[PDB]
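Every number for a ligand or one of its atoms is a count from 1 in the order of the listing. What you see below is based on every heavy atom in this structure, not just the backbone, and it leaves out hydrogens, waters and symmetry mates. The sequence lines fix the lettering, A, B, ..., with proteins before strands; numbering per chain opens at 1.
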Amino acid sequence: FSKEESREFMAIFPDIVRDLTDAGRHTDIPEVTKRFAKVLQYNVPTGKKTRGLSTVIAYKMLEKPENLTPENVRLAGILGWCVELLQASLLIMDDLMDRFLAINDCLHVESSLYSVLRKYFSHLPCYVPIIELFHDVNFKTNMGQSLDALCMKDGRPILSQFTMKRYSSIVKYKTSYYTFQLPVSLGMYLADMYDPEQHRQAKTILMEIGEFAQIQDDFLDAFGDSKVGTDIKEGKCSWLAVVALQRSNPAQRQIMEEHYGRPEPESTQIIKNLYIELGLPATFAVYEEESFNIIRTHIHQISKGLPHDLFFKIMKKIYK
Amino acid sequence: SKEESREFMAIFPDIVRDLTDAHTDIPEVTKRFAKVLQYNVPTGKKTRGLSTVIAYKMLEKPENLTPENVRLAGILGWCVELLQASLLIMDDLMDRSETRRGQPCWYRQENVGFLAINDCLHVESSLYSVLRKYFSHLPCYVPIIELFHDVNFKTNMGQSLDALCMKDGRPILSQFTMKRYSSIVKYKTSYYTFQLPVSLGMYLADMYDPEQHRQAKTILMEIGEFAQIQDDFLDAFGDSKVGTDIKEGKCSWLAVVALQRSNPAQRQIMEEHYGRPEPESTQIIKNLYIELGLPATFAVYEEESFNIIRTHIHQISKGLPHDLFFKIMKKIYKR
Ligand SMILES: CC(C)=CCC/C(C)=C/COP(=O)(O)OP(=O)(O)O
Ligand SMILES: [Mg+2]
Ligand SMILES: [Mg+2]
Ligand SMILES: [Mg+2]
Ligand SMILES: [Mn+2]
């Protein structure tokens, strides 16, 4: 992202906080409104805002050059901040259901994005498609979180649940819809692109990129140079665990049953040793090359009047 | 009414099918979501959902009250019940409560716990899918979506304000003012319980005049304040649900008025014993409420508030049926 794109995007955030904390309204509840400003300030605008900035970039690469006014690019930035409010609610729910934050802050922050949408977009033709997209993405993300939870019982991973079909569904519902589809579909709607066939062609490619993104992340959790990866300790339905179970003989499966999802550092090393024995690094290398080629082909084939350069830019960001 | 109750209850199974059986790649999680809805949504009194139907029936032109429109009002009532179910799932986890409507709290069910947070957000998100299915073609669609999102935001402000009356699980009695109490009740309870059903009835009746919505709101916030004060009173003075407001350190009307009326010695009993787990501390607080004459104070408030609200309803500007607001008063005051 350019300095100009980043600075213009960041310039919106203080307005969003003022909008949501009723600045100029003279509220009857100033204590809790001031607290909510801190919830937003402490949790929403920090670090990389990749999903929010991707919303702006998607809009800039989908819209007609003539319509790329400072006003329309600022609307794209506001949609980007609504994606970041959703991201912040999800990260808050993560901080809560593993560990100042109150349990209802995740609900509150999620609800706040709809107030921002009403303020800035309610008079535009894209309003209803955009709110329905956020509604649908919220519901599907919750389904993905529940499907992930159905892989654990009484603090132990259920290895019979670790199928590639279930893994692919968790990644799609829990992560890819809100991370990859939502920014691009928002850019399309702000560009007055409503055609279901266009959204569908974008979705096919974005779910493929999202699957590689999570598989790469799962690979690096164990095999990256260090955050220090805890997927094995936490019993996560990781791509590595799924493929290990596909590749295991009965003796190797017994090692997974005994040592996967255990707190002891030695058990994490036993699983890493089994992943090495099973050739998961070589399997990832083959998958990275094969998935790159398939996705590149699908982007070359993209039709329905969609630009290729947006999808190539997304693919190159993930694959480097 | 038997007919109203049965017609309303008949809609629930269709809504569960709409939300779980219309994602064919993930049947395990749709089957689980059906159980989340079946446990948390349809077993209560459904006062708020039924009140949405009654509000609509009293706001709509009699000649437009078709079975089809009454069913739409019922679907909106179930969306209110979905919102409430999400809120109580979350509140029960936050308050670590044992039971709700005489069932174990959802978060206490095997392998839920903090996953109740995801179930809360899921149940709330689900009502917008119901709205899209049945209302997307109607002029009331966007006002209704916006009302649900705004009431969710305001209810969260109420829940967070309630939490600013506690520090590390101990009540902050300096926070227990009638001003803060009134604000908690308005935002945490009255908006979703009283404003939302009536405003939904108004929108389905194509009544969009913000001033009609404002006048309804003034009366409904007054009725909602009495409703919560009565509930607080009965938590301590009701005849056996066994009330635990004292043990929980709740910012109750009884605690607020006790602090107004207390001499320094009585204040110290509140400081020492309010929000403690020991049964004898609850007894000490109840005994202080008796010493301070809170029963007589409630009896006077019940009489005066009834008369003041009846006066305000008589003054409601034409367009709104006084009968609707009197019917709500009669439900709450039982007269
Ligand atoms: C944003 C959220 C989660 C709002 C909760 C709304 C609500 C009605 C809580 C119950 O209040 P309470 O805990 O004072 O009373 P009860 O005794 O009914 O739990
Ligand atoms: Mg990871
Ligand atoms: Mg509670
Ligand atoms: Mg009560
Ligand atoms: Mn509570």
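- Neighbours of the Mg ion (ligand 3) restricted to protein N, O or S atoms under 2.8 Å: the count is 2.
- In this structure, A:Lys236 does not pair ionically with A:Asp231, as no charged nitrogen and carboxylate oxygen lie closer than 4.0 Å.
- Under 2.8 Å from the Mn ion (ligand 5), one finds the following protein N/O/S atoms: B:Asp91 OD1, B:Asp95 OD2.
- Using a 3.5 Å distance cut-off with no hydrogens or angles, the side chains of A:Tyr173 and A:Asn142 do not pair a donor with an acceptor.
- Looking only at atom types and distance, the side chain of B:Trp106 has no donor-acceptor partner in the side chain of B:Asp92 under 3.5 Å away.
- A:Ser111 places a side-chain N or O within donor-acceptor distance of the main-chain N or O of B:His149, the cut-off being under 3.5 Å.
- Defined by atom type and a distance below 3.5 Å, a donor-acceptor pair is present between the side-chain atoms of A:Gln214 and A:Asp217.
- Of the N and O atoms on the side chains of A:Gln216 and A:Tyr319, not one donor lies less than 3.5 Å from an acceptor on the other residue.
- Between A:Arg253 and A:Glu257, at least one side-chain N (NZ, or NE/NH1/NH2) sits under 4.0 Å from a carboxylate O, which counts as a salt bridge.
- Both the sub-6.0 Å distance and the 45° axial angle are satisfied by A:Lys140 relative to the ring of A:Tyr177.
- Looking at A:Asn273 and A:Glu277, their side chains never bring a donor and an acceptor atom within 3.5 Å of each other.
- Remark: B:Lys247 is not positioned above the aromatic ring of B:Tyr274, lacking an NZ or CZ atom under 6.0 angstrom from the ring centre and at most 45 degrees off the axis.
- Distances from the Mg ion (ligand 2) to the N/O/S atoms of A:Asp217 are shortest for OD2.
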